[PDB]
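Residue 17 is where the sequence shown starts when you use the authors' numbering, and the numbers rise one by one after that.
Just so you know, even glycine gets a beta-carbon here, dropped at the ideal spot from N, CA and C.
To keep things clear, I will list the structure first and then write my remarks on it.
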Amino acid sequence: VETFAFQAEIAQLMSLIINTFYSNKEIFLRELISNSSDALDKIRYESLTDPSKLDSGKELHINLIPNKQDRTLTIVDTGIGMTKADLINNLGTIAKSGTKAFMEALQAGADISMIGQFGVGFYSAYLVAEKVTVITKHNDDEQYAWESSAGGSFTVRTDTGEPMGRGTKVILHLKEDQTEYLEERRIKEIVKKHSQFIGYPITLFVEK
Ligand SMILES: Cc1nnc(Cl)c2ccccc12
Ligand SMILES: [Mg+2]
């Protein structure tokens with residue numbers, strides 16, 4: 017297991033997200049679904065010039081999986097996935113400019129719901145999650161698990177669990193007072209409201 021420090025600016029964003037009083041927390045789900053949809057668009061487009069990129073799975077979809085026993089909500093896609101370099105460096109590097117503009121917009125009147133307009137909506141996960149685990153598989157790399165409970169650091173390890181073929185699973189370990197996002201009716205409400213026009217089938221799994 018390798019442990020890394022977030023860039024100062026990303027650490028600052030995450031603390032803002034964790035510490036700021038802001039009741040409209042449901043926006044995290046829209047942001048993660050939007051990210052999944054962008055990742056599905058990417059693999060679809062790449063597959064037009066190299067059909068073999070779909071050898072790791074033809075199905076292009078999003079699954080939402082609540083689990084009350086583990087207190088987790090998982091967002092799963094069969095999109096392009098992320099490489100080790102994406103997890104450790106590339107995505108954070110790109111998020112730096114968006115983060116700066118976002119925190120400038122907040123002290124100038126914007127609110128946290130606009131986070132996705134700055135390309136850094138992934139970090140809205142920390143509105144509801146005390147820990148985020150991301151399991152991911154890109155065609156050009158191995159399966160990895162990224163994980164962070166914030167506080168300035170994250171880990172990356174090669175993942176030994178079940179192979180996923182290609183795509184990304186974002187596992188939200190929910191805060192004690194955010195278990196409403198495990199309820200079927202609440203999830204349905206949020207998806208209908210914010211994600212009605214996404215172009216991939218979204219399947220909300222039911223609990224056993
Ligand atoms: C910036 C960013 N966006 N999406 C995901 Cl899934 C990320 C995962 C790890 C680190 C940064 C991410
Ligand atoms: Mg970083």
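Taking the beta strand (DSSP E) that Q159 falls in, what are its first and last residues? Note, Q159: beta strand (DSSP E), 159 to 164.
Three CB pairs or more closer than 8 Å across the region 78 to 86 and the region 32 to 42: Segments in contact, no.
Option nearest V150 by Cα separation, candidates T176, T184, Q133: Closest by C-alpha distance to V150, out of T176, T184, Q133, is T184.
Segment contact flag, the region 93 to 107 with the region 43 to 63, C-beta cutoff 8 Å, min 3 pairs: The region 93 to 107 is in contact with the region 43 to 63.
Would you say the region 169 to 176 touches the region 61 to 73, given that touching needs at least three Cβ pairs under 8 Å? These segments do not touch.
Exposed or buried, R182, counting other C-beta atoms within 10 Å across all chains shown (16 or more means buried)? Buried is the call here.
How is the beta strand (DSSP E) around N51 delimited, first residue to last? Per DSSP, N51 belongs to no beta strand (DSSP E); it is in the alpha helix (DSSP H), 43 to 65.
Suppose you measure from the CA of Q123 to the CA of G73; what does that come to, to the nearest Å? Taking the straight line joining both Cα atoms gives about 44 Å.
Looking only at DSSP bridge pairs, what is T19 linked to? For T19, which the question treats as bridged, DSSP gives the partners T171.
I need the boundaries of the alpha helix (DSSP H) containing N79, first residue and last residue. For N79, no alpha helix (DSSP H) encloses it; the enclosing beta strand (DSSP E) starts and ends at 78 to 83.
Measure the CB-CB distance between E47 and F138 and report whether it falls below 9 Å. Contact flag set, yes.
Starting from the C-beta of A121, find all residues in its chain whose C-beta is less than 7 Å away, skip the five residues before and the five after it, and write them out in chain order. Listed in chain order, the non-local C-beta contacts of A121 below 7 Å within the same chain comprise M130, local neighbours out to five positions each way being set aside.
Residue(s) in a DSSP beta bridge with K153: When DSSP reads this structure, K153 sits in a beta bridge with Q159, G183.
State the CB to CB distance for the pair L45 and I206, rounded to an integer number of angstroms; the pair is presumed to be in contact (CB under 8 Å). Contact between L45 and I206 holds: their C-beta atoms lie close to 5 Å from each other, under 8 Å.
Cβ shell of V136 (< 7 Å), same chain only, five flanking positions each side left out: Cβ within range, chain order: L29, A111, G114, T115, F118.
Judging by CA-CA distance, which residue of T176, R202, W162, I214 is the nearest neighbour of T19? Put simply, of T176, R202, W162, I214 the residue whose alpha carbon is nearest the alpha carbon of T19 is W162.
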